[PDB]
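Participant: Here it is, the structure in full.
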2 protein chains.
Amino acid sequence: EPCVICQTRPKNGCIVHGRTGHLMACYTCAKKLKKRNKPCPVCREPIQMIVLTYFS
Amino acid sequence: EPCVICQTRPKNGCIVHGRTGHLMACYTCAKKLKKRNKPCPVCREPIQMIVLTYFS
Ligand SMILES: [Zn+2]
Ligand SMILES: [Zn+2]
Ligand SMILES: [Zn+2]
Ligand SMILES: [Zn+2]
């Protein structure tokens with residue numbers, strides 16, 4: 001299923017905080033949250049980085 | 001599908017290199033690769049870090 005935010009792009013934007021990540025959003029939408037200094041939408045941890053994730 | 005290495009755990013071990021990640025192994029198997037100084041199994045980039053990834 002697509003990014004829960006835009007419903008258009010795949011869930012390829014891994015929201016990384018320490019050793020864990022929440023993957024529920026696209027890279028574009030996750031980056032927007034990081035750039036706006038917003039926390040992770042599912043766990044409220046501050047975002048360290050967005051990783052463009054490929055499901056090999 | 002499960003981790004392509006152990007066939008037991010989920011694909012929750014994101015192999016991070018720069019801004020991208022390859023997600024095909026579990027955290028346990030991916031950590032073994034990083035600890036043994038192995039590159040990413042699909043792209044041969046050095047592994048910067050393993051992120052335990054939850055698919056939401
Ligand atoms: Zn999106
Ligand atoms: Zn989170
Ligand atoms: Zn495994
Ligand atoms: Zn790779």
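Each chain in the structure tokens gets a letter, A, B and so on, in the order shown; residues start at 1 in every chain, and ligands are counted from 1 in the order they appear.
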Could you please select, counting only C-alpha atoms, the residues of chain B within 6 Å of chain A and state them as a ChimeraX atom specification?
Facilitator: /B:19-24,51-56
Participant: Okay, now the selection with N, CA, C and O atoms, as a PDB file, in the first residue's frame?
Facilitator:
```pdb
ATOM      1  N   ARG B  19      22.387   7.801   1.560  1.00  0.00           N
ATOM      2  CA  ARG B  19      20.964   8.206   1.725  1.00  0.00           C
ATOM      3  C   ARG B  19      20.051   7.037   1.355  1.00  0.00           C
ATOM      4  O   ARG B  19      18.828   7.250   1.327  1.00  0.00           O
ATOM      5  N   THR B  20      20.616   5.881   1.022  1.00  0.00           N
ATOM      6  CA  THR B  20      19.789   4.753   0.522  1.00  0.00           C
ATOM      7  C   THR B  20      19.984   3.533   1.426  1.00  0.00           C
ATOM      8  O   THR B  20      21.006   3.446   2.122  1.00  0.00           O
ATOM      9  N   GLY B  21      19.018   2.622   1.347  1.00  0.00           N
ATOM     10  CA  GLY B  21      19.045   1.387   2.123  1.00  0.00           C
ATOM     11  C   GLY B  21      18.498   0.259   1.297  1.00  0.00           C
ATOM     12  O   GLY B  21      17.570   0.489   0.467  1.00  0.00           O
ATOM     13  N   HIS B  22      19.102  -0.908   1.456  1.00  0.00           N
ATOM     14  CA  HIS B  22      18.588  -2.160   0.879  1.00  0.00           C
ATOM     15  C   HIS B  22      18.023  -3.019   2.006  1.00  0.00           C
ATOM     16  O   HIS B  22      18.730  -3.327   2.973  1.00  0.00           O
ATOM     17  N   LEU B  23      16.765  -3.363   1.845  1.00  0.00           N
ATOM     18  CA  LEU B  23      16.002  -4.100   2.854  1.00  0.00           C
ATOM     19  C   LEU B  23      15.627  -5.451   2.267  1.00  0.00           C
ATOM     20  O   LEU B  23      14.686  -5.507   1.478  1.00  0.00           O
ATOM     21  N   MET B  24      16.404  -6.479   2.577  1.00  0.00           N
ATOM     22  CA  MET B  24      16.133  -7.854   2.099  1.00  0.00           C
ATOM     23  C   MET B  24      16.499  -8.858   3.187  1.00  0.00           C
ATOM     24  O   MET B  24      16.264 -10.052   2.968  1.00  0.00           O
ATOM     25  N   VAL B  51      19.648  -0.536  10.335  1.00  0.00           N
ATOM     26  CA  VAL B  51      18.495   0.061  11.059  1.00  0.00           C
ATOM     27  C   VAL B  51      17.438  -1.017  11.218  1.00  0.00           C
ATOM     28  O   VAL B  51      17.072  -1.632  10.236  1.00  0.00           O
ATOM     29  N   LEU B  52      16.976  -1.235  12.433  1.00  0.00           N
ATOM     30  CA  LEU B  52      15.848  -2.146  12.687  1.00  0.00           C
ATOM     31  C   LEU B  52      14.584  -1.420  12.250  1.00  0.00           C
ATOM     32  O   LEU B  52      14.199  -0.440  12.872  1.00  0.00           O
ATOM     33  N   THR B  53      13.981  -1.901  11.180  1.00  0.00           N
ATOM     34  CA  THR B  53      12.951  -1.180  10.412  1.00  0.00           C
ATOM     35  C   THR B  53      11.612  -1.829  10.684  1.00  0.00           C
ATOM     36  O   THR B  53      11.481  -3.050  10.502  1.00  0.00           O
ATOM     37  N   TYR B  54      10.658  -1.026  11.127  1.00  0.00           N
ATOM     38  CA  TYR B  54       9.272  -1.492  11.320  1.00  0.00           C
ATOM     39  C   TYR B  54       8.411  -0.952  10.190  1.00  0.00           C
ATOM     40  O   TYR B  54       8.334   0.284  10.018  1.00  0.00           O
ATOM     41  N   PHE B  55       7.791  -1.867   9.452  1.00  0.00           N
ATOM     42  CA  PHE B  55       6.888  -1.570   8.317  1.00  0.00           C
ATOM     43  C   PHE B  55       5.501  -1.344   8.893  1.00  0.00           C
ATOM     44  O   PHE B  55       4.973  -2.315   9.429  1.00  0.00           O
ATOM     45  N   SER B  56       5.015  -0.092   8.864  1.00  0.00           N
ATOM     46  CA  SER B  56       3.731   0.350   9.477  1.00  0.00           C
ATOM     47  C   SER B  56       2.720   0.651   8.357  1.00  0.00           C
ATOM     48  O   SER B  56       1.507   0.527   8.543  1.00  0.00           O
TER      49      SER B  56
END
```
Participant: Would you kindly return, as a list in words, each protein, DNA or RNA residue with an atom no farther than 9 Å from any atom of residue 37 in chain A, considering only C-alpha atoms and excluding same-chain residues fewer than 4 positions away?
Facilitator: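 Returned residues: residues 32, 33, 46 and 47 of chain A.
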Participant: Report as a ChimeraX atom specification which protein, DNA and RNA residues come within 7 Å of ligand 1, using only C-alpha atoms and all ligand atoms.
Facilitator: /A:3-9,25-29
Participant: Next, dump the selected residues to file, keeping only N, CA and C atoms, as a compact mmCIF listing (two decimals), in the first residue's frame.
Facilitator:
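Written file, again_32.txt:
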```
# COMPACT_ATOMS: atom_id res chain seq x y z
N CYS A 3 2.36 5.28 0.62
CA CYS A 3 2.61 6.29 1.68
C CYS A 3 1.28 6.71 2.34
N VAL A 4 1.21 6.68 3.67
CA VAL A 4 -0.07 7.00 4.37
C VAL A 4 -0.37 8.49 4.29
N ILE A 5 0.61 9.32 3.93
CA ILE A 5 0.46 10.80 3.89
C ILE A 5 -0.09 11.24 2.52
N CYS A 6 0.59 10.93 1.43
CA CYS A 6 0.22 11.41 0.07
C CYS A 6 -0.62 10.37 -0.67
N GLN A 7 -0.59 9.10 -0.26
CA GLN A 7 -1.35 7.99 -0.90
C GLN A 7 -0.95 7.80 -2.37
N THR A 8 0.19 8.33 -2.81
CA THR A 8 0.59 8.27 -4.25
C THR A 8 1.89 7.48 -4.41
N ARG A 9 2.89 7.81 -3.61
CA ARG A 9 4.24 7.22 -3.72
C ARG A 9 4.33 6.00 -2.80
N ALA A 25 5.85 5.94 5.11
CA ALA A 25 5.74 7.17 4.30
C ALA A 25 6.74 7.05 3.17
N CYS A 26 6.53 7.85 2.13
CA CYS A 26 7.51 7.97 1.03
C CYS A 26 8.66 8.85 1.49
N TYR A 27 9.74 8.78 0.74
CA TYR A 27 10.94 9.59 0.95
C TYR A 27 10.56 11.08 0.97
N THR A 28 9.75 11.51 0.00
CA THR A 28 9.35 12.93 -0.15
C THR A 28 8.65 13.40 1.12
N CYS A 29 7.61 12.68 1.56
CA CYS A 29 6.79 13.09 2.73
C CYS A 29 7.65 13.01 3.99
```
Participant: Just list as JSON, numbers by chain whatever in chain A DSSP marks as helix (DSSP H, G or I).
Facilitator: {"A": [27, 28, 29, 30, 31, 32, 33, 34, 35]}
Participant: Output N, CA, C and O atoms for every residue in that selection, as a compact mmCIF listing (two decimals), in the first residue's frame.
Facilitator:
```
# COMPACT_ATOMS: atom_id res chain seq x y z
N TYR A 27 9.74 8.78 0.74
CA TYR A 27 10.94 9.59 0.95
C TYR A 27 10.56 11.08 0.97
O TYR A 27 11.03 11.82 1.86
N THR A 28 9.75 11.51 0.00
CA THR A 28 9.35 12.93 -0.15
C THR A 28 8.65 13.40 1.12
O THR A 28 9.02 14.43 1.67
N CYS A 29 7.61 12.68 1.56
CA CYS A 29 6.79 13.09 2.73
C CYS A 29 7.65 13.01 3.99
O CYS A 29 7.56 13.94 4.81
N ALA A 30 8.48 11.97 4.16
CA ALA A 30 9.36 11.82 5.35
C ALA A 30 10.34 12.98 5.41
O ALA A 30 10.57 13.50 6.52
N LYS A 31 10.93 13.36 4.28
CA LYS A 31 11.88 14.50 4.21
C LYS A 31 11.21 15.79 4.62
O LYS A 31 11.88 16.61 5.29
N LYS A 32 9.98 16.01 4.18
CA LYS A 32 9.20 17.21 4.56
C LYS A 32 9.10 17.26 6.09
O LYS A 32 9.32 18.35 6.67
N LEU A 33 8.78 16.13 6.74
CA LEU A 33 8.70 16.09 8.22
C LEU A 33 10.05 16.43 8.84
O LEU A 33 10.07 17.27 9.80
N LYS A 34 11.13 15.85 8.34
CA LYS A 34 12.47 16.11 8.89
C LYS A 34 12.77 17.61 8.72
O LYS A 34 13.22 18.23 9.71
N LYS A 35 12.54 18.14 7.54
CA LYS A 35 12.88 19.56 7.23
C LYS A 35 12.06 20.51 8.12
O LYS A 35 12.55 21.57 8.45
```
Participant: Can you pull out every residue from chain A that DSSP, working from the backbone, puts in strand (DSSP E or B), and format the result as a list in words?
Facilitator: residues 13, 14, 15, 16, 17, 20, 21, 22, 23, 49, 50, 51, 52, 53 and 54 of chain A
Participant: Limited to N, CA, C and O atoms, could you put the picked residues into a file as a PDB file, in the first residue's frame?
Facilitator:
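Generated file (result_25.pdb):
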```pdb
ATOM      1  N   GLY A  13      10.397   5.745   2.383  1.00  0.00           N
ATOM      2  CA  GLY A  13      11.050   6.792   3.191  1.00  0.00           C
ATOM      3  C   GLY A  13      11.229   6.356   4.636  1.00  0.00           C
ATOM      4  O   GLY A  13      10.402   6.673   5.446  1.00  0.00           O
ATOM      5  N   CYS A  14      12.294   5.638   4.934  1.00  0.00           N
ATOM      6  CA  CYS A  14      12.473   5.088   6.293  1.00  0.00           C
ATOM      7  C   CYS A  14      12.853   6.230   7.246  1.00  0.00           C
ATOM      8  O   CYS A  14      13.863   6.908   7.015  1.00  0.00           O
ATOM      9  N   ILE A  15      12.042   6.451   8.276  1.00  0.00           N
ATOM     10  CA  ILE A  15      12.292   7.505   9.286  1.00  0.00           C
ATOM     11  C   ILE A  15      13.180   6.895  10.354  1.00  0.00           C
ATOM     12  O   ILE A  15      12.703   6.047  11.129  1.00  0.00           O
ATOM     13  N   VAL A  16      14.434   7.301  10.388  1.00  0.00           N
ATOM     14  CA  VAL A  16      15.453   6.689  11.266  1.00  0.00           C
ATOM     15  C   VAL A  16      15.624   7.553  12.524  1.00  0.00           C
ATOM     16  O   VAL A  16      15.751   8.789  12.426  1.00  0.00           O
ATOM     17  N   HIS A  17      15.589   6.891  13.670  1.00  0.00           N
ATOM     18  CA  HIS A  17      15.834   7.478  15.005  1.00  0.00           C
ATOM     19  C   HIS A  17      16.638   6.475  15.826  1.00  0.00           C
ATOM     20  O   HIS A  17      16.096   5.412  16.189  1.00  0.00           O
ATOM     21  N   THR A  20      16.606   2.367  15.131  1.00  0.00           N
ATOM     22  CA  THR A  20      15.298   1.873  14.642  1.00  0.00           C
ATOM     23  C   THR A  20      14.751   2.837  13.594  1.00  0.00           C
ATOM     24  O   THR A  20      15.166   4.016  13.558  1.00  0.00           O
ATOM     25  N   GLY A  21      13.817   2.347  12.801  1.00  0.00           N
ATOM     26  CA  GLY A  21      13.178   3.148  11.761  1.00  0.00           C
ATOM     27  C   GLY A  21      11.745   2.766  11.622  1.00  0.00           C
ATOM     28  O   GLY A  21      11.430   1.587  11.797  1.00  0.00           O
ATOM     29  N   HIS A  22      10.923   3.738  11.312  1.00  0.00           N
ATOM     30  CA  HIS A  22       9.504   3.512  10.945  1.00  0.00           C
ATOM     31  C   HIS A  22       9.326   3.809   9.467  1.00  0.00           C
ATOM     32  O   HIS A  22       9.669   4.921   9.024  1.00  0.00           O
ATOM     33  N   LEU A  23       8.857   2.822   8.736  1.00  0.00           N
ATOM     34  CA  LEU A  23       8.627   2.911   7.285  1.00  0.00           C
ATOM     35  C   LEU A  23       7.122   2.869   7.029  1.00  0.00           C
ATOM     36  O   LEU A  23       6.507   1.799   7.130  1.00  0.00           O
ATOM     37  N   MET A  49      17.405  10.887  10.450  1.00  0.00           N
ATOM     38  CA  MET A  49      17.641  10.892   8.992  1.00  0.00           C
ATOM     39  C   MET A  49      16.542  10.124   8.288  1.00  0.00           C
ATOM     40  O   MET A  49      15.808   9.410   8.970  1.00  0.00           O
ATOM     41  N   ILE A  50      16.380  10.418   7.005  1.00  0.00           N
ATOM     42  CA  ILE A  50      15.447   9.698   6.118  1.00  0.00           C
ATOM     43  C   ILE A  50      16.315   8.855   5.204  1.00  0.00           C
ATOM     44  O   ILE A  50      17.279   9.384   4.649  1.00  0.00           O
ATOM     45  N   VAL A  51      15.990   7.579   5.088  1.00  0.00           N
ATOM     46  CA  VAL A  51      16.730   6.664   4.191  1.00  0.00           C
ATOM     47  C   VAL A  51      15.792   6.252   3.064  1.00  0.00           C
ATOM     48  O   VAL A  51      14.665   5.795   3.350  1.00  0.00           O
ATOM     49  N   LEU A  52      16.240   6.450   1.827  1.00  0.00           N
ATOM     50  CA  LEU A  52      15.473   5.944   0.661  1.00  0.00           C
ATOM     51  C   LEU A  52      15.645   4.426   0.625  1.00  0.00           C
ATOM     52  O   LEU A  52      16.739   3.966   0.383  1.00  0.00           O
ATOM     53  N   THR A  53      14.579   3.698   0.898  1.00  0.00           N
ATOM     54  CA  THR A  53      14.609   2.250   1.174  1.00  0.00           C
ATOM     55  C   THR A  53      14.086   1.490  -0.043  1.00  0.00           C
ATOM     56  O   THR A  53      12.997   1.765  -0.495  1.00  0.00           O
ATOM     57  N   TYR A  54      14.867   0.543  -0.517  1.00  0.00           N
ATOM     58  CA  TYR A  54      14.488  -0.369  -1.609  1.00  0.00           C
ATOM     59  C   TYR A  54      14.258  -1.756  -1.022  1.00  0.00           C
ATOM     60  O   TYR A  54      15.153  -2.265  -0.313  1.00  0.00           O
TER      61      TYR A  54
END
```
Participant: Just give me the gap between CA of residue 45 in chain B and atom 1 (Zn, counted along the ligand's line) of ligand 4 in Å, one decimal is fine.
Facilitator: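 Going from CA of residue 45 in chain B over to atom 1 (Zn, counted along the ligand's line) of ligand 4, I get 5.7 Å.
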Participant: Would you work out the distance separating atom 1 (Zn, counted along the ligand's line) of ligand 2 from CA of residue 36 in chain A, expressed in Å to one decimal?
Facilitator: 15.7 Å
Participant: Quote the spacing between CA of residue 1 in chain B and atom 1 (Zn, counted along the ligand's line) of ligand 4 in Å to one decimal place.
Facilitator: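 Atom 1 (Zn, counted along the ligand's line) of ligand 4 lies at a distance of 18.3 Å from CA of residue 1 in chain B.
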